[PDB]
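Peer 1: This is the structure I have questions about; it appears just below.
Just so it is clear, none of the values below were taken in a lab; they were calculated from the coordinates. Neighbour counts are summed over all protein chains in view; Cβ atoms, including those assigned to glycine, are modelled from backbone coordinates with ideal geometry.
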Amino acid sequence: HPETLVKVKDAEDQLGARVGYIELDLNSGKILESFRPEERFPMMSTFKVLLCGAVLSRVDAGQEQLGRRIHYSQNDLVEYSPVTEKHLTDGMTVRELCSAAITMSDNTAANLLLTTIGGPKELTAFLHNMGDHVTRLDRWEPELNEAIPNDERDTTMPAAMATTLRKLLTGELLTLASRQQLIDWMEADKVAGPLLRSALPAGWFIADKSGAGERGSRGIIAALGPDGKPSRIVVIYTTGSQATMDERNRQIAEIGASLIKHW
Ligand SMILES: *[B]([O])([O])[C]([C]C1=[C][C]=[C]C(C([O])=O)=[C]1)[N]C([C])=O
């Protein structure tokens, strides 16, 4: 609804930065509303969903086991490793690593998984093969959050990410069981409380993934809908702001409040 676009422009004015937004129909894939849909933005931690998607495809293919255990050490630990840092001694299974990377944004968990699949270049090749010729992963955590203006590394476009997420959640790409596992991880997200989740009415469904990075970068991808089932995909990215994390969270939540009001 165009009233949501008014809020999106207002957020750009408040933040002194670019905001990219897209609302996509889950079922048909039609674009319902967009703002800077084809400009590139840094993906930040929202890539974590794509990563586990690639891991699940390997599991479906017999090349990986969710139950497999990975051991790492103090040397692998990077900033923002709340979960991995507590399991140094016993390691963690693939399943727990994906759960940590998705529900808590754990950086070390993502790096470990990136390694198992062959690194950024392979995650990038997996996306390419599913029809996404725009989104690209080039670095590991946390360097991928640099957000250097005009840099293409580690970026996606709102339309690219929305359509890719739709294919992952509803395409023939993953088996039903894996699709569900993916949705289960996103629905259990524990760090995105002050974003879309704060505008969501009771009884709605939400499965999401946030991210933050340098240069005021912040973003969120989500599948949501009334009555406990998703029916739309929303992607929102911003970068360039000098505003505080709280101000960035607020504008994103005000964008969500508008989207919900005009559902
Ligand atoms: B991700 O954005 O690449 C990662 C870890 C992260 C930090 C702070 C907030 C979130 C989130 O999920 O909202 C994620 N970012 C960095 C800078 O390490």
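Peer 1: Using the Cα centre of the chain as origin and beta-carbon charges of +1 (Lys, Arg) and -1 (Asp, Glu), tell me which of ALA17, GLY211, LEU224 is placed farthest towards the positive end of the dipole.
Peer 2: Checking the options against the dipole of the chain, the answer is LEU224.
Peer 1: By per-residue mean of other Cβ atoms within 10 Å, what is the highest-first order of 139-148, 231-240, 53-62?
Peer 2: My ranking of the peptides, most packed first, is 231-240, 53-62, 139-148.
Peer 1: Counting other beta carbons within 10 Å of each residue's own, what order do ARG166, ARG248, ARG218, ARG68 fall into, fewest first?
Peer 2: Neighbour counts put them in this order, fewest first: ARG68, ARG166, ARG248, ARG218.
Peer 1: Now, a different point. How many angstrom lie between the C-alpha centres of the stretch 74-127 and the stretch 4-50?
Peer 2: With the stretch 74-127 and the stretch 4-50 each reduced to a Cα centre, they are spaced 27 Å.
Peer 1: Work out how much length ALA188 to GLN63 would gain on full extension: take 0.36 nm times their residue separation and subtract the Cα-Cα distance, in nm to one decimal.
Peer 2: Stretched fully, the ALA188-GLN63 segment lengthens by 42.4 nm.
Peer 1: Report, in debye and to the nearest 20, how large the dipole of the chain comes out about its Cα centre when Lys and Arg carry +1 and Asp and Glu carry -1 on their Cβ.
Peer 2: That gives a dipole near 400 debye.
Peer 1: Which GluC sites (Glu not before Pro) in the stretch 60-123 sit in a loop by DSSP (not H, G, I, E or B) and have at most 10 other Cβ atoms within 10 Å of their own Cβ?
Peer 2: Loop-located and lightly packed - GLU79.
Peer 1: Out of every Cα-Cα pair in the chain, what percent are more than 27 Å apart?
Peer 2: 32 percent
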